[PDB]
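Here the structure comes first, spelled out in C-alpha cells, and everything after it is commentary.
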RNA sequence: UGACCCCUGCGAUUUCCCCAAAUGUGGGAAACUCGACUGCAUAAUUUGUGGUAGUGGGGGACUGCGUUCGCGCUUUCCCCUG
Ligand SMILES: [Zn+2]
C-alpha cells in the first residue's frame, strides 16, 4: 500500500458520494463536487442526518472546513 | 491610529469572553490588542439559583495585569484617569 | 502561497471555479440562500458581495431560531453584514 | 532525536493501527491504519473504527480522513 | 516586538500569576519568557475552577492558551513607561 | 462555565425542517445584474478595436502594397533601414550603405502631410549579393549617433506581412511596459 | 518561528494537561516550534483511577494545554 | 478586499451582535484591518442584562457575530472598490 | 581599470579592457582616443 | 466649526546643476540604507476568521429517590424577566 496523502485522497473522493460528520453531531451525505485549499466542501443532492438518523434532503450545500469533524466515503 | 493613542492611561473596563469585567488603567497596547492594566479589579455576574435576588458580584483585586487581545471582547471608559492633583 | 508573486489571481480562479463559486453564482442570479450559524439560528436572504474570508453582504434577510415546549421566533433585517468564522452551513435555493 | 514527523512516518510504514482522540471530545475515539499525512496533520485511514467509551460500539467507516485540528492524542494498537 | 511582550521579558524572574482558557490559575516564580507568550514557572500554587488546589515544582505553559497574566505592580516604573 | 463542562441543553440542530425557499418560476429580476466603470470600458475597448479592424479591411481593399509607385526595383535586392536619425543627409546614407555594394537607387520616405522625415528608407543595390552581404553587417550600425537596424524589406516578399497600423511589423519599443528591452535591436 | 525553550524538560518525566479535562504522564523525548511533543512510556490517566500504559505516543500542540515536570527537571 | 468597505462606514449608525449574544447599537468612528471597530455614543445590552449607554467602546473583531447596517446604504456604489 | 575611450565617429565614451578587440560597442568604429588625463597640469603664462 | 487657496505624503543621510540677501535660507534629478505604512507566508496548531455558541433565571400548582427537612438529582402546566 503506497502512501496516499490526504489531498490526493480527497481529490479522488471528488465526484463520488461522501458523508461528513460535523463537530456537533449532524451529518451530511452527498455527491462531492469540489474542494479548496482550506477543505471547504461543496456537495450536491445532499441529505442531512441528525444524530445518525436521516433528517431530510437539502440539495446543493456549501460547508466551511473549521466546522466539520470528519469525512468518509459512501 | 490615534483612536487608541488618545485613550492611553485612561481607566478602561475590559469585557471578557466569559462575561467578566476587568476594570483597570489602560497603559499600553499593540497590534494584537494585548493590554496592560494597573490596579485592576475583576467583576463577574453570577446567576441567582436560590430565588429572585440581586445579581451576586464577586470582586477580585489583581494589580498589574496583561490581557490577551484574543480574550478581549471590548473596552469602555469607566471614568477619567486618576488625577494626580490634590 | 504557491504563487508568492503579488500579481497572483489565485483567489480569482478560486471564486470562479472553486467551492466558493456558490456565492458568486448566488450574487449573479440574485438567488436566496439559507445560512446556519453558530448562534443556532438560520438566516435566509440574498447576497451582494463576498471575499475569501466568507464574509457576505446580505439584504432582505430573515433571522429564524427556536428556544426551549420549543417555541419559534423570527425577525427581519433589511441589511446586515455576516462573518465567516461563525458560519456553519450554507444552502442555496434547491429549485 | 526522534521527531513527530519521523514517528508518524514510522507508524505509516509499519501500518500499525493508530488510535486518535478528538478535540474537546473525550468519549469518542477513532482507530485505523494510517496511509498518509500532510503538514496540516490531517490523517487518512484505510479501515476506520469509531469507538465510544460509554457505548463500546465500534462503527465501521472504511477508507476515511480526519482533520488534524480535531486530533488530540495518538495511541499505538 | 510588542510593548506587552517587552514588559513580560523584563517581568522575567519575579513572582507572577497566570490564568488560562481552561480556568486554572497558577501563581509562582517566573523562570523563562518568550515572544510567543510561552511562560515557564517554578513552585507554583494552582487553583482549579471548582476551587481545589495542588502543588507543583516546574511547569511550562503555552502562550496562545493563556487568558491573562498578573505581574508585580512595581513594573509600572519601567523606563519606557 | 468551561467549554467542556458546559451542559448544552439545545445544541446546534440541522436545517432539514427549515426549507421554505421561493418557488422556481419566481425567478430573480433579470435587470438587477450590472456594474459601473467595469463594463462600459470593455464596451469602448471592443468598439474601438472592431472599428479599427474594419478600417483595416477597407485600407487593405483600397490600397495595394505591391502596386506602389514609390516602390521600385527587385524586392530581393531592395533593403529596409529604420531608426535612422532625421538629420542623416542623403549623401551620408549613401556613404554608409554604398560600402556593401553600389546603390542603384535610394528612397527616403517623408510624411505625406507634415513633410517631416519618417526615419526609414529603402535602398536598392545593383546586385542581390551586395544586399545579402549587407543584411548581416548593416543591422546595428550607428549613423549620426543613433543606432539603426536593417532587415530585408518583407512588404513584398513575405506572404501575409503588414506594418504597425495593420497589426503587423516587428520590434516592441512601444509594447507592454517593462516587457521589451530598448537595448536589444532587430 | 522561534521554537520553545524546552531543553530543560528533555528526558524528564512530565504530566500534561489537555483541553477536555484529560491528563497524561510520560517521559519527554522531543518537541517542535508548534509544541508538538513526543513522549514515551505514556499513560492514559482517564477520569477514573484506572491506568493504561501504551508507551510511545504523539500529542498535538494545539491540544496540549500544560506540561508539569514531576522530577522537578 | 472588503474590510476597506467596512472602514468606509464611518459616521453611520449600526447594530452589531456579538458571539456571546450581546447587542451594541451606535455610530462607527474607526475600523482597523483586524475588524476592530470603535463606536461612540453607543448603547450596549449584554445577555440577560440591562442596557447601558457608553460614550466610547473599542471592540475586537474576533468576538463579533454580525452587523446590521442602515436600509439606505448604497451597496452597488460602495462595492466598486 | 575602466579605460574610457572616445570613439572617433560618434564621440561616445566607452570602457575598453586589455586584450579587448578595439571597436566601439556603439557604432563598430575602430578608431578611439584616450581621454584627457586627470594629472595636475600647470603652465606658466610665458 | 470652518469656505477659498496649496503638496499628492515621509522622519534622516549622499551626489550633480541652478536662483540666491552667495558657507545659511530653496528648487529640478535619482541612489540604495532604518522605521512595524500596506499586500502576500496571515482563515491550516501561537492572537489579524472561533470548539468561549447566547442555548437561561425566578413566582404559583405539579412527581419520585436520599435527607441534616436547609437541600442534591429528577418529572409536568400557567406567569414576570432577557
Ligand atoms: Zn563609436
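Protein chains in written order, with the working numbering: chain A, 1 to 74; chain B, 1 to 86; chain C, 1 to 95; chain D, 1 to 77; chain E, 1 to 81; chain F, 1 to 186; chain G, 1 to 73; chain H, 1 to 81; chain I, 1 to 46. Where is the CB? At the ideal position from N, CA and C, for every residue including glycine.
Asked                                                                                                                                     : Found
Residues that residue 145 of chain F contacts on chain I, provided the C-beta gap is smaller than 9 angstroms                             : 9, 10, 11, 12, 26 and 27
Strand pairing of residue 65 of chain C, partner residues [DSSP]                                                                          : C:73
Minimum Cβ-Cβ distance from residue 92 of chain F to chain I less than 7 angstroms                                                        : no
Contact between the segment 57-67 of chain A and the segment 45-53 of chain B (3+ Cβ pairs under 8 angstroms)                             : no
Residues bridged to residue 17 of chain E [DSSP beta-bridge criterion]                                                                    : E:27 and E:70
Residue closest to residue 110 of chain E, alpha-carbon to alpha-carbon, out of E:31, E:6, E:2 and E:1                                    : As shown, chain E starts at 1 and ends at 81. That puts residue 110 of chain E outside it, with no answer to give.
Cβ of residue 30 of chain C within 7 angstroms of any chain F Cβ                                                                          : yes
Within 8 angstroms of chain B by C-beta, residues of the segment 25-37 of chain H in sequence order                                       : 29, 30, 32, 34 and 36
Secondary structure of residue 51 of chain D, DSSP reduced to three states                                                                : strand
C-beta contact flag for residue 42 of chain B and residue 68 of chain B at 7 angstroms                                                    : no
Cutoff 7 angstroms; reference residue 147 of chain F; Cβ partners in own chain excluding five residues on either side                     : 83, 140 and 185
C-alpha distance - residue 12 of chain E paired with residue 75 of chain E, whole-angstrom precision                                      : 11 angstroms
Rounded straight-line distance, which links the Cα of residue 117 of chain F to that of residue 12 of chain I                             : 25 angstroms
Proximal residues to residue 73 of chain A (C-beta, below 7 angstroms), its chain only, five neighbours per side dropped                  : 13, 16 and 18
Assumed close pair residue 122 of chain A, residue 42 of chain D - CB separation to whole angstroms, cut-off 8 angstroms                  : Nothing can be reported for residue 122 of chain A: it is not among the residues displayed for chain A, which extend from 1 to 74.
Those residues which DSSP pairs with residue 57 of chain B across a bridge                                                                : B:45
Distance CB(residue 77 of chain B)-CB(residue 56 of chain H) smaller than 7 angstroms                                                     : yes
Where the segment 53-66 of chain D meets chain A: residues whose CB sits under 7 angstroms from a CB there                                : 61, 62, 63, 64, 65 and 66
8 angstroms contact criterion, which residue 32 of chain D and residue 17 of chain D should meet: CB distance rounded                     : 7 angstroms
Under 9 angstroms from the C-beta of residue 96 of chain C: neighbouring residues of chain F                                              : Only positions 1 to 95 of chain C appear in the structure, and residue 96 of chain C is not among them; the question remains open.
Close-in-space but distant-in-sequence residues of the same chain around residue 36 of chain B (CB under 6 angstroms, 5 per side omitted) : 27, 28 and 66
Proximity winner among C:15, C:60, C:80 and C:17, relative to residue 17 of chain H (alpha-carbon distances)                              : C:80
Proximity of residue 54 of chain A and residue 22 of chain A at Cβ, strictly below 7 angstroms                                            : no
CA-to-CA distance, residue 42 of chain A to residue 69 of chain H, given in whole angstroms                                               : 29 angstroms
Residues within the segment 22-50 of chain D neighbouring chain G, beta-carbon criterion of under 9 angstroms                             : 22, 23, 24, 25, 26 and 41
Proximal chain E residues relative to residue 37 of chain G, where beta-carbon distance stays under 7 angstroms                           : None at all; the shortest Cβ gap to chain E is about 10 angstroms.
Cβ-based neighbour list, residue 68 of chain D, same chain, cut-off 6 angstroms, excluding 5 preceding and 5 following                    : 40, 41 and 42
Among I:30, I:3, I:36 and I:35, nearest to residue 16 of chain I - alpha-carbon criterion                                                 : I:3
Closer than 7 angstroms to chain G by CB, residue 12 of chain D                                                                           : no
Pairwise C-alpha distance: residue 34 of chain F and residue 44 of chain F                                                                : 16 angstroms
Residue range of the unbroken alpha helix (DSSP H) whose run includes residue 157 of chain F                                              : Run containing residue 157 of chain F: none; DSSP gives neither H nor E here.
Ligand 1 heavy atom lying under 6 angstroms from the CB of residue 12 of chain I                                                          : yes
Chain C contact residues for residue 50 of chain A, given Cβ-Cβ distances below 9 angstroms                                               : Neighbours of residue 50 of chain A on chain C: none; closest Cβ ~13 angstroms, over 9 angstroms.
Near-chain F residues of the segment 7-41 of chain C - C-beta to any C-beta below 8 angstroms                                             : 28, 29, 30, 31, 32, 34, 36, 38 and 40
Any C-beta of chain D under 7 angstroms from that of residue 38 of chain A                                                                : no
Closer than 9 angstroms at the beta carbon, the chain H residues around residue 48 of chain C                                             : 75, 76 and 79
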